[PDB]
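# Okay, structure incoming, though there's no sequence with it:
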Ligand SMILES: O=C(O)c1ccc(O)c(Cl)c1
Ligand SMILES: O=C(O)c1ccc(O)c(Cl)c1
């Protein structure tokens, strides 16, 4: 992959692997989400990083608060997918990363994504909010005019997600992270939560529908010693409301929505 | 990737990804095992397959892994390019063998090697059967004629007999369940998932002070989506060696047995 001519975005091509595809011989949403993280990490490396010099000094990190993915066409096993990604300042509230997924052969948009990231202290886990010093540092790597993957005035990526009420229609209890679910820093990586949400979707919807939209809120991180319950209720195309909480006390870790289209 | 000049082996290069590396900033053994199956599947596609021969598809027969043996001298770091060469070999009526050689693309040095035993089984009845002549003639044209072993040595680890772990186990990991991400396109539990399940019962202190050098795994029975697995480990030893057992949480039906060798960092 490489930075585009202007140096304000990054593009990478990915050949879809045999083990990255699901039952319908196309890339899973867990595979797409890994590719979005991979192209994001590579964009950061190519511009000198995801923390800045004064972020390392204050022990500050960027953490995902929201992830929103919309897939029109999943790439098949063997196909080449092109992903373009860019960052954008969103005032002192945080930062945004956006993605555009394309078929490398036809040049057609097959998917798009957006994510909200906020600043927190690595040690106390407290939201410190963006400062002017840590704004000019990476503003030089972002387009100045707004560049939104989801431009539309009041789109799905900015919708308020409510809290699922008990009893849930569907559930998947006792979900636990394994060593393969952790990153190089030993934290549960964000893709694991997406798979945990989708575990409570009934197999009949998985077999007759394809996932088109997924919005996820990140409230709290799951530790290696924590256990997760995945809850789902139909609210309708088929639409679901999702909740991830700790098996024990019921502490919320995530909430979300999924939209599914008939095959 | 592509077939080599003689058409008897296949090579592919892989750039190591950010999410494919562990705490050590190097590719996990679960990542290496995925890359070995990826290069194996691509070798099969380049020689006219979609694993099964024309005769195997007629009889509802498939190839299934009976044993996997991996030896890693140096794990590739995040961003490095790894070259993998793979080839198949007939073993008479017993089955086939798939071997791998892993190299650093920059230095050209061998950083790992692997071997695997595969037997023929009826897809429907799950009954093992010896390789017939019509099947053996169809794939021998894609395999080297002279023996080409990834592990040539006269007393190599890939052919060692693995015993059954006795209760009580020293270490354990209870309630392991496969998720939808752990299944392949045919809805079967992915072979790599068993490797991760074995390594779940390794204590965190060995993971932090040692690196995995060798892993031999036997496949006795496949785990279903509705099955629950218990992972058991006992130390049997400068190097640390373990005996592994995977069994169904309920009745205690064996699914796998193995050994791991770990060297100090
Ligand atoms: O194989 C599939 O279609 C598949 C894979 C993963 C997962 O999250 C779901 Cl809901 C389906
Ligand atoms: O991150 C690691 O070190 C790691 C990852 C997977 C795995 O199974 C083991 Cl034992 C260790």
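The structure has been received and is ready for your questions. Numbering: from 1, shown residues only, chains lettered A, B, ... in the order given. Ligands and ions are numbered 1, 2, ... in the order given.

# show me the contacts for residue A:134.
Residues near residue A:134 by CB atoms under 8 Å, 6 or more residues apart in numbering or on different chains: A:52, A:54-55, A:60, A:119. In short, each C-beta sits where N, CA and C put it, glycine included.

# For the residue of the stretch 101-250 of chain A found nearest ligand 2, grab phi and psi.
Among the residues of the stretch 101-250 of chain A, residue A:179 lies closest to ligand 2, at 3.6 Å counting by CB to the nearest ligand atom. With angles defined as degrees, to the nearest 10, residue A:179 sits at phi -60, psi -30.

# Would you mind giving the secondary structure of the closest residue to ligand 1 within the stretch 51-200 of chain A?
Nearest residue of the stretch 51-200 of chain A to ligand 1, counting by CB to the nearest ligand atom: residue A:198, 3.7 Å away. Secondary structure state of residue A:198, per DSSP: H, G, I helix; E, B strand; the rest coil, is helix.

# Touching, it and residue A:29? I think so.
Yes - using CB atoms under 8 Å, residue A:198 is in contact with residue A:29, at 7.3 Å.

# Find the residues that touch each one of those two.
Counting by CB under 8 Å, 6+ apart, the shared contacts of residue A:198 and residue A:29 are residue A:211.

# Could you measure from the closest residue to residue A:71 other than its chain neighbours over to residue A:156?
Nearest residue to residue A:71 in three dimensions, chain neighbours excluded: residue A:111, at 4.2 Å (CB to CB, 6 or more residues apart in numbering or on different chains). Per CB to CB, to the nearest Å, residue A:111 is found 14 Å from residue A:156.

# So which of the two has more stuff around it?
Neighbour count, other CB atoms under 10 Å in any protein chain shown: between residue A:111 and residue A:156, residue A:111 has more, with 24 against 15.

# host element of the more buried one?
strand A:109-121 (DSSP states H and E).

# so how far is that strand from its chain's centroid?
6 Å (CA atoms, centre = their mean, to the nearest Å).

# near chain B, which residues of the stretch 51-200 of chain A?
By CB under 8 Å from any CB of the partner chain, the residues of the stretch 51-200 of chain A that approach chain B are A:77, A:174-176, A:178-180, A:182-186, A:189, A:191, A:195, A:198-199.

# Inside strands: which ones of these?
Counting by DSSP state E, the part of these found in strands is A:174-175.

# list the contacts for residue A:194?
Shown in contact with residue A:194 (CB under 8 Å, 6+ apart): A:29-30, A:33, A:67, A:214, A:216.

# Those residues in strands, which ones?
The members of the contacts of residue A:194 that map onto strands under DSSP E are A:67, A:214, A:216.

# List the buried residues in the host helix or strand of residue A:136.
Using DSSP H and E, residue A:136 sits in helix A:133-139. Within helix A:133-139, the residues that count as buried by 16 or more other CB atoms under 10 Å in any protein chain shown are A:134, A:138.

# relative orientation of the longest helix along chain A and strand A:109-121 in degrees?
Secondary structure of chain A per DSSP state H: the longest helix is helix A:29-45. The directions of helix A:29-45 and strand A:109-121 differ by 60 degrees, with axes from the mean of the first three to the mean of the last three CA atoms, to 10 degrees as the criterion.

# Helix A:29-45 and chain B, are they touching?
Yes - applying CB under 8 Å from any CB, one finds helix A:29-45 in contact with chain B at A:30, A:34, A:37-38, A:41-42.

# near ligand 1, from those?
Counting by CB under 6 Å from any ligand atom, residue A:30 from the residues of helix A:29-45 next to chain B sit close to ligand 1.

# Hmm, residue A:241 is touching residue A:169, no?
No - counting by CB under 8 Å, residue A:241 stays clear of residue A:169, with 9.2 Å between them.

# Settle it for me: which of these two has more neighbours?
Counted by other CB under 10 Å, residue A:241 and residue A:169 do not tie: residue A:241 has more neighbours, with 20 against 14.

# Could you measure from the more buried one over to chain B?
For residue A:241, the distance to chain B equals 20 Å [CB to the nearest CB, to the nearest Å].

# cool, residue A:149 as well?
Separation of residue A:149 from chain B (CB to the nearest CB): 21 Å.

# Got phi/psi on that residue?
Note on residue A:149: backbone dihedrals following degrees, to the nearest 10 are phi -60, psi -30.

# For it, the count of nearby residues, please.
24.

# same check, this time on the one 3 residues further on
Burial of residue A:152 is recorded as 9 neighbouring residues (other CB under 10 Å).

# Now do it against residue A:235, distance only.
22 Å.

# Tell me where the stretch 51-200 of chain A has helices.
Along the stretch 51-200 of chain A, counting by DSSP state H, counting those that start in this stretch, helices occupy A:53-58, A:133-139, A:190-199.

# helices or strands next to the shortest one in the packing?
Right, helix A:53-58. Packing partners of helix A:53-58 (3 or more CB pairs under 8 Å, 6 or more residues apart in numbering or on different chains; DSSP states H and E): helix A:133-139.

# Residues of chain A that sit close to ligand 2?
By CB under 6 Å from any ligand atom, the residues of chain A that approach ligand 2 are A:179-180, A:182.

# now do 5 Å
Residues of chain A that fall close to ligand 2, judged by CB under 5 Å from any ligand atom: residue A:179.

# Point to the residue nearest the middle of chain A.
Residue closest to the average C-alpha location in chain A (CA atoms, centre = their mean): residue A:67, at 3.8 Å.

# Quick check, residue A:52 in contact with residue A:136.
No - applying CB under 8 Å as the test, residue A:52 and residue A:136 come out as separate, 9.8 Å apart.

# Report how many residues lie close to residue A:155.
14.

# Pull the contacting residues for residue A:16.
Neighbouring residues of residue A:16 by CB under 8 Å, 6+ apart: A:26-27, A:31, A:75-81.
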